[PDB]
Structures are given as structure tokens and as C-alpha cells.
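Asker: Dropping the structure in here first, questions after.
For neighbour counting, all protein chains shown are included, and Cβ atoms are generated from backbone atoms with ideal geometry for every residue, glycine included. Throughout, read-outs are computed from the coordinates displayed, never taken from laboratory work.
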Amino acid sequence: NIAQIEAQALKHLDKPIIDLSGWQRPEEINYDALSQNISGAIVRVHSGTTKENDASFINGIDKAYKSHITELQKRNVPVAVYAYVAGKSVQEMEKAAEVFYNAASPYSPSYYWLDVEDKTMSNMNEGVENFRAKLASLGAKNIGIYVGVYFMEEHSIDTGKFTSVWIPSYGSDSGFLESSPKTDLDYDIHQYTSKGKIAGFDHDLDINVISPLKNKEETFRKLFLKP
């Protein structure tokens, strides 16, 4: 039940939050082990490549998302989703948002995240908003933005209409927390390394933590326990 998931999450609150994509092969993940070593997970569903790869189809659909979502949800881990935002026009942005929503919504994800990291439209702020607005109109309520500080400032990426902000800052990228986002914007969650190692998986993992500037339990509830 819902109280059960919530109790497990309270119990595991100091375990890290991971994000995963098709680059992390489900067959290489011991989900039993991984689920007891994490508090939550954020799974890639879409990337916005004409060449073929192991992590997604040409239409942007991630090759592993059904596995990552189902295997973690069955183990009572709360799971949110993300899309790499890369439309070259409003039309592409709205298309990608629809593809993303339709693929992820069946799983009742705890949050939808826009992963914004390169300029694919002249006014990237407008394109990002196109994506966000479309997702909202399709029914997404929890819509957050992942964006680096320098990118956000360079392209005047407005985070105001999003319901949460997620920011990467790796320092040297050692696998450990070593530098926090260089902004006074009030973000909820910090991607601190791309080279984490967690029991249950042998290879590099993106690891995240709720910002120590927030109340940890309340912010975790916000991001993971309110779909």
C-alpha cells in the first residue's frame, strides 16, 4: 500500500537518489540489492542521433525504461522520470513532450523532469517552455527542470513555472559529494557525480542528494511520494 512505500522511504531517506538510462543495462543490475541501497530513482524515458545505439531507439524512446521502472516499483522504490530536451523547433518540442508523457504516464511516475543541457533552439528558454507547457496540458502535474547553473544563466532559462529544480555540480567527479551548485536559486536536488558506485551494480552511476538547504523529509515527499 501507499503507507508501506512511504514507511520504506522514511527508513531509507539517507540512502542516495540515483538516475538511470538505457546506458545502464537492466541485466547488469541486481535490482534486489540496488533497491535496498537507494531512496529513489529517476529513469530516462526519452532523448530528443541518426546513428543507432544500445540506449535508445531513433525516435528517442529509451531502450531500458520499462525494466528500470517496473523492477524498482515492484520493490517499493519510488520512481520519477526524465527526458533529454533537444527539440529544434516548437513542433519538435511538443512532439517530444507527447512521446515522453505517453510512454511514462502508464507507470504513474512521482515526477516528470526536463533534462536541459544544450542549446537546440535559438531561444532555448522558449523551447523549454514549449516542452513544459505541452506536458502540463497532457496532464503532468509535477514538472521539474534539470539544468546546470552556467547554461541556465547563459540562456536565461526561466525556472519559475517549474515545480522543482534539479542541478548538477560534480567538482572533479570523484564519485563523492565535493561541490554544490554555484547559485542562490532554491533547488531541491543536486546531481553530485556521474561516477558513483552503489552495491548491486558494477559500473558508474549518477548520484543525487536532496539539497541540505531544504527540509530533507518534506522535499523527498515532494519529489517521490506525491504522484
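Asker: So what's the back-of-envelope 222 nm ellipticity for the chain, counting only DSSP H runs of four-plus at -39500 (n - 2.57) apiece and dividing by all residues, rounded to 500? Before the final figure, lay out each step's value.
Answerer: On the way: 7 runs with 70 residues, N = 227.
When only DSSP H runs of four or more count, the value is -9000 deg cm²/dmol.
Asker: Could you tell me how many cubic angstrom of Cα convex hull volume the chain has per residue? Walk me through the numbers on the way to the answer.
Answerer: Working: hull volume 26.7 nm³, N = 227.
Convex hull of Cα atoms, per residue: 118 Å³.
Asker: Right, next: Considering only region 37-93, what is the antiparallel percent among its DSSP beta bridges, to the nearest 5?
Answerer: Values: 2 of 8 bridges.
Within region 37-93, antiparallel bridges account for around 25 percent of the total.
Asker: Dimensions of region 1-90 along principal axes (Cα, Å, largest first)?
Answerer: 44, 31, 22
Asker: Follow-up question, since we're still on this one. Give me the percent of DSSP beta bridges within the chain that run antiparallel, rounded to the nearest 5. Each step should come with its number before you reach the end.
Answerer: Numbers: 10 of 35 bridges.
Approximately 30 percent, going by the DSSP bridge assignments.
Asker: How do 144-156, 81-93 rank on mean C-beta neighbours within 10 Å, highest first?
Answerer: Details: 144-156: 18.1, 81-93: 20.8.
Descending packing order for the listed peptides: 81-93, 144-156.
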